Protein chains: 12
Amino acid sequence: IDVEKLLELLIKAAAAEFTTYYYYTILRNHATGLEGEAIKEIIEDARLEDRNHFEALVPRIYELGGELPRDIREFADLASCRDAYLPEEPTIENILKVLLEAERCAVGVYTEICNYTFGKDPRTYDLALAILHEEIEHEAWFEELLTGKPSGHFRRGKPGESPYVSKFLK
Amino acid sequence: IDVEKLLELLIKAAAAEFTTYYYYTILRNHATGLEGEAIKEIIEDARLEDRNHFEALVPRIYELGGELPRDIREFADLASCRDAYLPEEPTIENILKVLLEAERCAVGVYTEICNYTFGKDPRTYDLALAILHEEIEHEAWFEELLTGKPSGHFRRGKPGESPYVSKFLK
Amino acid sequence: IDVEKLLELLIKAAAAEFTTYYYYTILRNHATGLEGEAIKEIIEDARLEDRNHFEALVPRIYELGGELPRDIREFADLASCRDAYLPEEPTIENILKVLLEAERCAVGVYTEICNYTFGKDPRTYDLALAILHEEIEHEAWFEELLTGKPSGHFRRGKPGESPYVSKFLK
Amino acid sequence: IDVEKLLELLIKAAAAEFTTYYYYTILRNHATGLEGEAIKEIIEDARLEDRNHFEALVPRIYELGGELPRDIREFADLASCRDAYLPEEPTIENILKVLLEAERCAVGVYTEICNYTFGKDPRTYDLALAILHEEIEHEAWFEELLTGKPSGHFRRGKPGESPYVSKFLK
Amino acid sequence: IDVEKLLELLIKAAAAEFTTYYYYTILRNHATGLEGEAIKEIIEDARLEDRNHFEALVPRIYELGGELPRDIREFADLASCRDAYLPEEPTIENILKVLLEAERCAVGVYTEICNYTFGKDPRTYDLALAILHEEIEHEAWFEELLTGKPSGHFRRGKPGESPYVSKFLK
Amino acid sequence: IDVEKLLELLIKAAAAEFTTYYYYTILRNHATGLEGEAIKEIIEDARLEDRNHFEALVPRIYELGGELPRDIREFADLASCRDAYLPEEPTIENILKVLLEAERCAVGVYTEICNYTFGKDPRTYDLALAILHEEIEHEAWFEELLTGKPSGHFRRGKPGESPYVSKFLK
Amino acid sequence: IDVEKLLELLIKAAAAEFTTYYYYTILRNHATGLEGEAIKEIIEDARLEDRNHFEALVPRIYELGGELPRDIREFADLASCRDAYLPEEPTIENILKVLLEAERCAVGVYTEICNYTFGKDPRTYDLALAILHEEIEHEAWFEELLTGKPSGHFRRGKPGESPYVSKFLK
Amino acid sequence: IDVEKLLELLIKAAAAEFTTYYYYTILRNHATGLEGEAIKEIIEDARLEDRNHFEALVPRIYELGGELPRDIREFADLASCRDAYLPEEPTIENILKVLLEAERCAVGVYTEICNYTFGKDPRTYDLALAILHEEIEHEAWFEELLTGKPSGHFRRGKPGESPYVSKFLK
Amino acid sequence: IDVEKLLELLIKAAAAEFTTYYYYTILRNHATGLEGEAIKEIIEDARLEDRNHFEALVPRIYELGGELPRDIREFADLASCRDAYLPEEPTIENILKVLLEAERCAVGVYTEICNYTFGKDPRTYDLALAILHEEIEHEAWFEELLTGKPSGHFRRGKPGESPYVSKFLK
Amino acid sequence: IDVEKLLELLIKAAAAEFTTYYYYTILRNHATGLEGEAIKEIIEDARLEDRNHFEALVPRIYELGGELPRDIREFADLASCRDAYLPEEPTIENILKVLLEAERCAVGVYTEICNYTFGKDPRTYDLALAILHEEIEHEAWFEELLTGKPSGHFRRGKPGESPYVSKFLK
Amino acid sequence: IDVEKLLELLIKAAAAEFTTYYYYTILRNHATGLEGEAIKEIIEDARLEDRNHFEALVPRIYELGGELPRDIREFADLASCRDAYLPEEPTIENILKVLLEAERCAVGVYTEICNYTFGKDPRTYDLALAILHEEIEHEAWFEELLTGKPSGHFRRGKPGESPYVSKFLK
Amino acid sequence: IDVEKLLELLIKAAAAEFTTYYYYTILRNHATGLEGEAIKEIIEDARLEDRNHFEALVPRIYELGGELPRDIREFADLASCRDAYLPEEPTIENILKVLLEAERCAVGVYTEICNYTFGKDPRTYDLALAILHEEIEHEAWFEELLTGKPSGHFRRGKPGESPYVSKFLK
Ligand SMILES: [Fe+3]
Ligand SMILES: [Fe+3]
Ligand SMILES: [Fe+3]
Ligand SMILES: [Fe+3]
Ligand SMILES: [Fe+3]
Ligand SMILES: [Fe+3]
Ligand SMILES: [Fe+3]
Ligand SMILES: [Fe+3]
């Protein structure tokens with residue numbers, strides 16, 4: 001396994017989690033009205049779990065001999081998912097589209113890391129898998145809200161509980 | 001009081017609670033979209049309390065010298081309420097109709113047991129009354145969601161808390 | 001500072017909180033249907049925090065040498081906000097209008113008390129400010145639900161937690 | 001059973017609980033001095049449990065198709081117990097007399113509802129019985145404090161815990 | 001209803017609960033060996049719940065204008081169940097026989113009180129019913145251990161939790 | 001050390017604790033009125049800790065090869081303190097006199113056991129000392145209430161917490 | 001990976017967990033007598049964890065685009081383990097044989113799913129592995145009770161805690 | 001603002017809090033008898049909150065570049081309130097007089113600091129205000145106990161909870 | 001008061017808190033070795049409280065009709081404190097210098113907001129003051145670690161507890 | 001007192017506790033079958049408390065200027081009790097014999113230390129006494145299981161709680 | 001035993017604990033810099049436990065018929081340990097020297113009380129022993145920090161937990 | 001997979017964990033002085049987690065049909081890591097070297113087991129991975145303390161929490 005390549009993947013993933021923490025704050029605040037009130041708590045759970053994902057990734061990056069970039073702007077520019085901007089027409093549907101696209105990119109990111117580390121870096125694989133669990137659940141949430149396809153999920157107990165990633169958190 | 005007749009009522013009630021636990025799982029998963037997100041937690045609270053009702057009824061059945069049927073299929077066929085099938089057109093309204101009809105049947109079932117045991121089997125009466133409390137609240141929930149008639153209820157704290165039946169639970 | 005004038009303001013504020021506790025009970029029970037299910041918990045949090053506000057104001061009234069009026073009807077007639085009656089056409093929108101108008105009046109009431117006591121009665125100012133915090137949040141809640149303007153708030157953890165007024169509560 | 005008559009009883013009971021919540025606030029604040037310090041916590045427990053009784057009665061009123069009156073003054077005028085006014089000579093003994101008379105009226109109110117619903121409305125009977133438990137304990141408290149007749153009770157753990165009515169509370 | 005007769009029943013019941021608390025201490029300590037280790041915790045749960053039953057009955061006795069007898073020996077002599085003496089051959093089977101006989105007598109005692117107070121003394125009926133719940137469960141426990149007839153029960157969580165009588169306890 | 005003599009002391013002590021549990025129940029219920037309300041919780045803490053003392057002594061009696069007497073009447077007759085009867089004139093002062101005399105006898109009982117076991121039976125000494133701690137505090141409580149001599153104590157947090165004996169309790 | 005084949009495996013596994021929840025209820029209730037008292041809590045822990053396994057599998061089935069069958073009878077007929085019927089001679093040994101056979105089938109079921117998803121469906125693999133952990137422990141429990149071969153396990157803290165599957169539960 | 005003058009005020013206030021912690025220990029221990037039992041817990045809550053006030057003031061003194069005096073005697077001599085000596089005739093009334101006078105001095109001390117720092121030292125102002133809240137409540141307590149004027153307060157939950165100063169405590 | 005100017009101050013403050021959350025992550029990870037082990041937990045508490053400060057500021061920004069900038073890079077560029085870069089020679093002393101300079105800038109930022117809103121925007125003033133409390137404590141921490149001047153502080157209980165800002169957090 | 005001799009006793013005791021932690025692991029795992037299921041939790045409580053005893057002894061050894069031996073084999077060879085080997089015929093009875101013999105040796109060890117330190121080394125005496133409490137209870141447990149002599153004990157709440165030694169544990 | 005002599009010892013000990021509470025506050029605040037950050041929490045634990053020691057000693061002084069001196073200065077002058085002044089050169093080493101000397105004096109004080117009360121005043125002996133436990137641990141802490149001799153201790157969980165004295169605390 | 005070879009690996013790993021529990025006790029006690037105070041808690045967390053690792057490995061060894069060796073000396077001799085002896089010159093640096101070498105050996109041990117069981121023994125692989133997580137974190141801790149290379153970790157909340165292995169613990 002190429003630790004330099006792995007470190008780039010992990011840093012790009014951490015950048016996506018960090019920027020998502022900011023952009024989902026904006027999206028949550030624009031999920032207004034009666035229909036917005038349904039999804040506001042769901043966005044908040046996704047936002048806080050993505051913050052947890054950033055917190056879980058940074059120790060592994062440093063364990064592997066990597067480091068966060070010096071400038072926060074450099075870091076944001078490394079994000080492996082495009083920025084989850086507030087849509088120009090911020091309807092609930094358009095916001096859900098942004099959220100679903102972001103979660104689908106995240107699922108792809110950690111699937112790629114899991115594929116890269118499978119049977120080679122057990123600790124990193126297990127960390128990527130833990131985050132992948134939560135991203136798959138996020139993607140299921142938003143896909144159901146947007147398309148009506150049954151996801152099998154309903155409200156998390158308290159936002160940001162991160163049941164799969166918690167063992168990596170301090 | 002005819003313990004054999006009482007046992008049949010209790011077993012039929014337990015069968016209805018058990019099957020409801022399965023069928024409400026399906027119904028919860030098809031309460032999708034923005035409007036489904038409102039009622040998903042309400043279905044879940046009803047589903048988990050009906051599981052509690054099954055757990056509360058079984059000890060009383062055995063205390064009275066009865067027993068569950070040998071085969072799970074026999075048991076399901078004994079249910080005193082018709083199966084809460086997913087409707088062919090699973091809109092939120094059609095799902096609510098199934099839920100309301102099921103809860104109304106449950107209210108009838110425990111009202112019948114309470115009438116049968118009033119002043120004759122205090123422990124069984126109190127158990128039937130405890131479940132009846134929760135069924136009346138479930139029926140109120142779904143009737144309000146479906147017809148807009150004020151029920152007087154809003155979200156339970158945590159799903160499955162069963163405030164009335166808890167003293168019967170282990 | 002004129003303690004007699006201050007006492008009248010505080011008693012009128014306490015009357016508004018007390019009557020709101022009653023009228024919001026009615027409003028919560030008529031927020032029915034799928035769209036009502038969104039706002040029912042929000043009304044309940046506002047109702048329980050306004051009950052807390054009454055509980056926090058009464059000790060200060062007595063500390064300052066005032067007292068509640070002898071008759072509950074006299075007390076209700078002193079309310080500094082007009083009664084939050086159920087609207088003749090109790091749609092969710094019309095209910096939200098009543099709630100928003102009540103919260104806006106409350107914000108005005110405690111802003112007036114804060115202005116009257118600023119730099120003169122520190123304990124009363126701090127109490128009025130604590131309640132003002134919660135009224136501003138209530139007003140933000142309902143204004144977002146009604147107009148879609150981003151308020152920055154989403155569901156309180158448990159209704160009636162009163163994070164700002166709790167230090168005044170027993 | 002005549003649901004209209006039952007609803008009137010329940011609303012009148014709820015009015016008595018609501019007004020008691022106000023009037024006991026006044027009574028608690030005038031139970032002063034060394035001897036008042038004994039009974040202040042007892043009044044407070046009674047006051048908070050009567051608030052719980054109001055909270056428990058309202059859902060049942062709405063379940064049965066009733067509603068609270070539009071105006072808080074109408075509601076107060078419906079109270080089935082006369083107003084627990086602060087006595088003109090507010091000695092501890094005179095305050096205890098008011099409290100005992102109020103609790104005795106409450107015991108009568110819920111005894112009447114229990115008699116009306118016995119074997120006919122199990123849920124309402126059980127609710128009336130739950131409140132009756134707490135009223136009988138309140139009456140015992142104050143009768144002992146006033147006459148020295150042994151009641152068998154001593155301080156509740158925390159005021160407002162409502163051990164009998166809690167299962168009806170949210 | 002004849003309060004004097006009711007008081008005698010309640011005092012005799014309280015005496016049985018009090019003496020059982022002592023005699024079950026002896027029985028628990030003689031349930032030795034590998035087979036005794038099974039039932040020791042079951043005896044302990046029964047013993048502590050019977051202590052709770054004594055604690056729950058005394059306030060009601062005093063509420064009704066009765067009192068405990070002056071001398072503890074008088075009290076013990078009033079017990080409505082014969083003393084649960086350690087058997088002359090204290091085998092596990094012989095101990096279980098004593099326990100089952102005691103619980104069957106207790107079930108009879110509270111069934112008699114429930115019959116006497118049904119529809120006449122709601123608070124006392126509810127107290128007798130609460131204790132009856134726990135006695136029926138105790139009788140089921142020991143009957144299963146002794147005869148193998150399925151009771152439907154297994155270990156209580158913590159001994160002395162008294163799920164049915166707790167609302168009467170301080 | 002003479003284990004037979006030690007066992008007699010321990011059984012007589014356990015009998016005193018057991019009977020006190022009964023007699024203090026009566027005394028607590030007759031500590032009525034405004035002045036009784038002060039000491040009711042203090043009696044209750046003493047009563048529940050003396051119940052704990054009985055629970056702590058019985059295992060040690062059995063560890064040492066002793067056993068409780070077969071009949072509860074035999075047991076009560078062994079009490080090392082005379083019965084704490086309700087006084088013929090049950091004033092608060094006369095009740096306090098009974099309580100103080102009982103606690104003084106208890107202090108003497110465990111002082112005697114500590115003297116007998118000092119440097120010879122460490123486990124029994126430590127158990128007697130643990131109970132002695134609580135008896136000395138009880139005696140201080142009642143002596144202050146009766147004579148005004150400063151004891152240095154004020155209300156225990158929750159009655160029956162037994163801070164010194166808890167390590168011996170299950 | 002063939003999602004249709006995977007879905008069939010998962011649904012058949014969920015059916016086995018669901019039916020086990022019923023059949024283990026019967027088995028627990030027939031584990032009577034002194035020797036049954038040992039294993040009753042062990043059956044109960046297995047039963048509640050198998051209920052948790054059903055709850056954990058259903059969301060994954062829906063995430064993958066599958067659904068539970070319409071009728072509860074269809075569902076039961078899909079179970080990948082034969083029904084754990086009460087044996088015709090329900091001795092403790094014969095009951096243990098049924099339990100061990102059921103757990104061995106479960107171990108086989110999740111081993112097959114893990115083999116099918118290894119390195120291909122990380123989330124499903126991790127879910128199957130989590131359940132496999134608990135099935136291997138169940139099989140160890142019952143094999144030790146039946147054959148005396150050391151399993152390395154002793155009583156779970158509280159039944160149904162599911163330490164391995166909890167992260168999948170809501 | 002003159003930090004040297006402010007530091008002197010804060011150190012003198014801290015000295016008063018520290019010495020009060022000692023002197024209220026004496027006063028609590030001499031609040032004996034039946035009437036003393038009422039106020040003992042109130043003195044204890046005041047004593048522990050004044051200890052908290054000392055703990056809250058010291059960090060601010062050091063933050064501002066001040067320090068506690070080298071010798072504890074120097075420190076005690078700086079107290080801004082005269083020593084709360086046990087009165088020569090330590091009746092409950094005379095003790096209450098000492099307590100009320102001490103609390104009135106404390107209210108004056110923190111009112112002076114609040115006036116000195118208003119709009120100039122926000123952190124110190126907020127700290128002085130937090131302590132002032134608790135001193136005003138203490139003064140209300142003792143004034144009611146002594147004169148019967150309604151204060152609006154009753155027993156704090158647990159002594160020393162310091163609801164207003166807690167945010168400054170570690 | 002000029003809400004546009006106030007909004008710019010608040011957004012610039014929120015940007016500083018957000019970027020600090022990133023940069024302190026880097027600084028914490030480079031506080032290595034035996035001497036670094038002392039300050040690592042202190043950096044972590046500062047980092048998590050600054051994250052809390054961002055979370056507390058955003059709702060107020062939206063309440064006042066402002067919004068976060070569309071792009072995370074725009075946001076970072078608005079920070080009112082220069083970026084807390086890892087020093088080119090990352091010794092513990094040089095890291096402490098960066099931390100102290102950042103905290104001093106933060107103290108200045110919230111002092112400016114408090115000055116701008118004093119007596120004009122009570123809610124915003126109280127929020128700025130709450131954050132100012134924590135920044136003053138952070139500055140004290142690092143100044144003591146760097147210069148040895150007594151600050152009066154020692155380790156926070158758990159990192160990120162934010163005792164002053166918590167009432168603003170969800 | 002001869003600290004060198006005392007240190008040897010304490011180190012030999014710590015060695016016995018440490019080795020017991022290992023050997024009881026083996027014994028617990030071989031207490032199989034239906035009869036083994038009774039005693040498995042009892043062995044586990046003894047094993048975890050003996051681990052606690054090792055943890056409590058080591059600080060005292062170092063306080064007195066002693067140290068653990070360099071090599072773990074040297075340490076094991078110092079054990080004051082012979083190794084609790086799995087018996088060649090590992091029946092439940094033979095295992096109980098090993099356990100009882102080990103506990104009897106432990107009781108002797110701490111009795112010797114208590115005798116050596118009585119009135120000379122209070123801290124060490126109190127530590128030895130604390131462990132002696134738990135060893136006497138362990139010996140009682142196993143003696144009852146093996147011989148049927150009443151011990152007075154039944155299941156500890158949670159294994160390893162060490163109620164007597166806890167004050168020495170970190 | 002001479003209670004007057006014992007009272008003088010106890011009061012002198014309480015004075016030392018009280019003054020230490022003040023002087024250790026100063027010492028903690030001057031344990032600055034990177035090396036001071038290690039010992040600051042250790043000083044704080046010692047300081048809070050010595051406050052607990054004062055709280056534990058005062059009730060015993062009053063139980064024995066003693067009393068605290070009228071003036072706080074008299075009290076401080078009675079301290080059995082010389083004042084733990086901040087050293088003229090307040091280096092970490094010089095501060096540790098003061099702390100170690102103070103703890104050594106405390107160990108001597110309670111060793112003297114234990115010697116005086118051994119086998120004569122069990123309650124006082126046990127109290128002195130409880131404090132002696134904590135003083136020996138404090139002395140071990142500081143001696144290790146100062147000289148490097150292994151003490152066997154590391155950080156207490158939370159400062160002021162007083163595991164040995166807690167049973168004497170309210 | 002060769003279960004005999006796997007069992008040898010697991011037993012050798014368990015031996016290393018067991019001996020580490022002893023040797024880290026010695027190392028922790030010799031990490032003295034101001035610089036030792038930093039790492040003492042880190043050693044303690046590693047020591048308690050390695051004890052947890054032993055507890056987690058033993059059930060798996062028995063599940064697979066293996067057993068611990070008869071004699072504790074045989075067991076210690078099987079350790080897969082050389083004994084972590086206290087260095088002849090026990091400086092903090094030399095102690096850290098021993099700790100780092102031990103953790104590096106542990107990382108190698110569980111990496112080997114993971115490699116051996118990957119895709120063949122899922123339960124054992126997951127157990128080895130869980131321990132590997134904690135060993136990698138331990139190695140990171142000590143490497144940072146020794147070399148200054150950023151590890152990304154700071155103090156665990158409470159020592160011995162084992163966030164990754166907890167699901168395997170009872
Ligand atoms: Fe994420
Ligand atoms: Fe309000
Ligand atoms: Fe009421
Ligand atoms: Fe006692
Ligand atoms: Fe399963
Ligand atoms: Fe103060
Ligand atoms: Fe900040
Ligand atoms: Fe001390």
# chains A, B, ... in the order shown; residues from 1 in each chain; ligands from 1
>>> residues_around(residues="stretch 42-56 of chain I", least_positions_apart="5", cutoff="6 Å", atoms="only C-alpha atoms", output="PDB file with C-alpha atoms, in the first residue's frame")
ATOM      1  CA  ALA I  14     -17.820  33.632  13.671  1.00  0.00           C
ATOM      2  CA  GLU I  17     -14.021  30.973  15.689  1.00  0.00           C
ATOM      3  CA  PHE I  18     -14.452  28.633  12.721  1.00  0.00           C
ATOM      4  CA  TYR I  21     -11.269  25.302  15.221  1.00  0.00           C
ATOM      5  CA  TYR I  24      -5.939  24.726  16.864  1.00  0.00           C
ATOM      6  CA  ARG I  28      -2.662  20.576  19.385  1.00  0.00           C
ATOM      7  CA  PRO I 159     -12.801  19.837  27.174  1.00  0.00           C
ATOM      8  CA  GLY I 160     -15.447  21.868  25.404  1.00  0.00           C
ATOM      9  CA  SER I 162     -18.260  25.980  27.689  1.00  0.00           C
ATOM     10  CA  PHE I 168     -26.854  29.477  23.940  1.00  0.00           C
ATOM     11  CA  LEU I 169     -26.132  25.947  22.678  1.00  0.00           C
TER      12      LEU I 169
END
>>> select_by_dssp(residues="stretch 11-128 of chain A", states="alpha helix (DSSP H)", output="ChimeraX atom specification")
/A:11-29,33-63,72-77,92-117,122-128
>>> interface_residues(of="chain J", to="chain K", cutoff="8 Å", atoms="only C-alpha atoms", output="count of residues only")
13
>>> closest_residue(among="G:16, G:38, G:31, G:6", to="residue G:113", atoms="only C-alpha atoms")
G:6
>>> atom_distance(atom1="atom CA of residue C:82", atom2="atom CA of residue D:66")
24.5 Å
>>> atom_distance(atom1="atom CA of residue A:89", atom2="atom CA of residue C:36")
25.9 Å
>>> residues_around(residues="residue B:101", least_positions_apart="3", cutoff="12 Å", atoms="only C-alpha atoms", output="VMD selection string")
chain B and resid 20 81 to 85 94 to 98 104 to 108 135 138 to 140 142 to 143 146
